[PDB]
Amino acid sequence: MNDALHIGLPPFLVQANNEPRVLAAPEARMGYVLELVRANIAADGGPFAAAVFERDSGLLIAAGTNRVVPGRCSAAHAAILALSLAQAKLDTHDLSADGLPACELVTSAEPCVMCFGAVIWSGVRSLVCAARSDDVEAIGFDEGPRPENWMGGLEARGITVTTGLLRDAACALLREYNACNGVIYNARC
């Protein structure tokens, strides 16, 4: 659309944002996010996904995935779509606005510099990641020149940080995606 910023969502992602879901444990939240990653890969997207949850209830607010290529938008990273769709559902730019419960971002990989800033501005009070930055860059993706000690930057910003949650599974998905990135047809892929 030339009259607005329009990022369509693949069916699976639409399903994820339509069906009520509650996941109490961190492993439960991250496990669901990893399901979206495999499904995004199957839906022509990057091996990345994230979701916004109510930190104290585990209620899924919104889910997002990498749609850069099919979306014709380099700003379409998982964290950004998840944060935006969440803000659109709660009808506010601040997920920390008076009246709403604390929000948490559960992302399959540590945020690049762009999404890093996106998180700080989002209003979320917590960030939980799976794959470390080195894991993402090991298969080719660039995290960008994030400020030094970005983690300490978030905490000082009142944003608690956690990483490595279900890292092994997150890494397995990053590597299978990489094992198909090529152009030579692979029936196994």
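Numbers for residues come from their place in the sequence shown, where the first is 1.
As the entry records it, the average C-alpha temperature factor is higher for 98 to 106, out of 98 to 106 and 72 to 80. When the mean C-alpha temperature factors of 176 to 184 and 9 to 17 are read from the deposited coordinates, 176 to 184 comes out higher. When the C-alpha B factors of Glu35, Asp44, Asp134, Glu155 are read from the deposited coordinates, the top value falls at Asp134. The PDB entry assigns the greatest CA B-factor among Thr160, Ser57, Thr163, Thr65 to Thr163.
For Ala50, the recorded CA B-factor ranks within the lowest third of the chain. Only modelled residues enter the ranking. In the deposited entry, the Cα temperature factor of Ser122 places it in the middle third of its chain's modelled residues. Ranked by C-alpha B-factor against the other modelled residues of its chain, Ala130 falls in the middle third. Residue-level temperature factors show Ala39 in the middle third of its chain, judged at the C-alpha atom.
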